[PDB]
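Residue numbers (the entry's author numbering), protein chains in the order written: chain B, 1 to 137, 142 to 222; chain A, 1 to 219; chain C, 1 to 6.
Beta carbons are placed, not taken as given, at the ideal position from N, Cα and C, and that holds for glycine.
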């Protein structure tokens, strides 16, 4: 089958550089135009760059022109994207895609790779601060933990070492002041808490942290 | 650039039902060579987009018969004759008639269920955070349907906009509801200037907002 | 939308 496999992503400082590669297999690479397409979270795909099968034509999106360079080596079945002067808004999943043709026009991106992820940030590894969200200030009580100011992703929040999960909501992390913030809620019958202990456990592997926060009422 | 506009943003369906999604271009997509280079992609979470339909009405290799496309000029439609669970995901239209190729914003094909108002809970800043100089006020809006919802924060009865972070879950696999967390982050100093903290949730299930409050001095 | 190389 046609297969495209991107590599070269990672975490880069603003103003930094990165060179992505895309390994093509299952077709005659030299016969096909190729492209890079990026996708930021929550957003649609955004075409980045195009290179024709003999590299006679190169095109760039206005948002990356002067900073990104697309190239190819047909004999090695590889496509490249050289990224320079990287900016926060370049953070995205980067996909390699093949352009199909029938006559003289590359007209559809038909096969896409699974993507290589690029994060542009000056943040340093930072453990989260774990804050209890305590009720007090029907037969059910909702509690939470706020997990604030960490980097990088990700973190894992469990409740009573994982014994509570059916009523747990894990809210996706978002950027806040250049660091990530997420939260987690759990709902337990009143007959359990505060009569029995409820604890959130927050694991952040990159910072070698695991903190337990016991929930206490207002 | 050519602007691709999809409607609706979100389409709820029951398995086995029919679904239609719309795409409008700001500019005619008829190429000088006579083709109309309008395509449709499906993207599932964690995967790349997969081509479904190309040049308005051609099914891509391996795409099931229940998918079909039509349209002309600037108005296009993708039709699913009977929706299967594997069809759930985000559909994108795309045009390659003009440089640069562009994509619509996506239509999310989601599950229909009965409406449900959120369960709303509010929480004050922790002593731990106040010791660090910050004060986050958190409101959970849990187990509601449909996904569209809005939160308003009030401090001493007056609306507040600065410092709000809203985050949605995806549609729950167990009960098909959504939940969302709304966090208002203040400094310790700002928090200690005011006493009444309120989050108001407005959802289609009632014309009245759901109001949850606490008084700082009682915490 | 791009030209193919023959």
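- Take residue 213 of chain B, set aside five residues on each side of it, and the residues of its chain with a beta-carbon closer than 8 Å to its own are 127, 128, 206 and 207, in chain order.
- Rounded to the nearest whole angstrom, the CA to CA distance from residue 108 of chain B to residue 58 of chain B is 16 Å.
- When the alpha-carbon of residue 5 of chain A is set against those of A/23, A/204, A/90 and A/85, the nearest one is in A/23.
- Within chain C, no C-beta atom comes nearer than 9 Å to that of residue 209 of chain A; the closest sits roughly 48 Å away.
- Chain-order list of chain C residues neighbouring residue 50 of chain B: 2, by C-beta distance under 8 Å.
- Under DSSP, the beta-bridge partners assigned to residue 51 of chain A are A/41.
- For residue 130 of chain A, the enclosing alpha helix (DSSP H) starts and ends at 127-132.
- In terms of Cβ geometry, residue 112 of chain B and residue 37 of chain B form a close pair [threshold 9 Å].
- Burial is judged here by how many other beta carbons sit within 10 angstroms of a residue's own beta carbon; residue 193 of chain A has fewer than 16 and is exposed.
- Contact check for residue 13 of chain B against residue 120 of chain B passes: the beta carbons are separated by less than 9 Å.
- Taking C-beta atoms as the reference points, residue 213 of chain A and residue 149 of chain A fail to come closer than 9 Å.
- Taking a beta-carbon distance threshold of 9 Å, residue 153 of chain A does not count as an interface residue toward chain B.
- In this chain, the beta strand (DSSP E) harbouring residue 106 of chain B covers 105-112.
- If you draw a straight line from the Cα of residue 86 of chain B to the Cα of residue 92 of chain B, it is about 12 Å long.
- By the C-beta density criterion, residue 104 of chain B is exposed, having fewer than 16 other C-beta atoms within 10 angstroms.
- In the three-state DSSP reduction, residue 132 of chain B falls in the strand class (E or B).
- Identification of chain C residues near residue 101 of chain A by a Cβ-Cβ cut-off of 7 Å yields 1, ordered along the chain.
- Secondary structure note for residue 191 of chain A: its alpha helix (DSSP H) is the uninterrupted segment 188-191.
- Of all residues in the segment 53-85 of chain B, the ones placed with a Cβ closer than 9 Å to any Cβ belonging to chain C are 53, 54, 55, 56, 57 and 59, in chain order.
- For residue 33 of chain A, the chain B residues whose Cβ falls inside 7 Å of its Cβ are 105, in order along the chain.
- Residue 94 of chain B places its beta carbon less than 9 Å from that of residue 20 of chain B.
- Between residue 29 of chain A and residue 131 of chain A, the CB-CB gap reaches or exceeds 9 Å.
- Of the candidates B/161, B/124, B/176 and B/149, the residue whose Cα lies closest to the Cα of residue 183 of chain B is B/124.
- Interface criterion not met: the Cβ of residue 191 of chain A is under 9 Å from no Cβ in chain B.
- DSSP places residue 28 of chain B in no beta strand (DSSP E); its state is neither H nor E.
- Put simply, the CB of residue 101 of chain B is near chain C, with a gap under 9 Å to one of its CB atoms.
- Here residue 210 of chain A really is in contact with residue 118 of chain A; their C-beta atoms are around 7 Å apart, less than 8 Å.
- Beyond the five residues adjoining it in sequence on each side, residue 203 of chain B comes within less than 8 Å, by CB distance, of 163, 164, 165, 216, 217, 218 and 219 in the same chain, given in chain order.
- Measuring C-alpha to C-alpha distances from residue 107 of chain A to each of A/207, A/216 and A/9 identifies A/9 as the nearest.
- In this structure, the alpha-carbon of residue 14 of chain A lies about 41 Å from that of residue 33 of chain A.
- In the DSSP assignment, residue 95 of chain A falls within the beta strand (DSSP E) that extends over 89-95.
- Using a Cβ distance threshold of 9 Å, residue 197 of chain A and residue 152 of chain A do not count as a contacting pair.
- The Cβ-Cβ distance between residue 188 of chain B and residue 146 of chain B does not fall below 9 Å.
- Here residue 137 of chain B is not bridged, per DSSP, to any residue.
- About 4 Å separates the beta carbons of residue 5 of chain C and residue 54 of chain B, which is inside the 8 Å limit, making them a contact pair.
- Within chain B, the residues placing a beta-carbon under 9 Å from that of residue 54 of chain A are 100, 107, 108 and 110, ordered along the chain.
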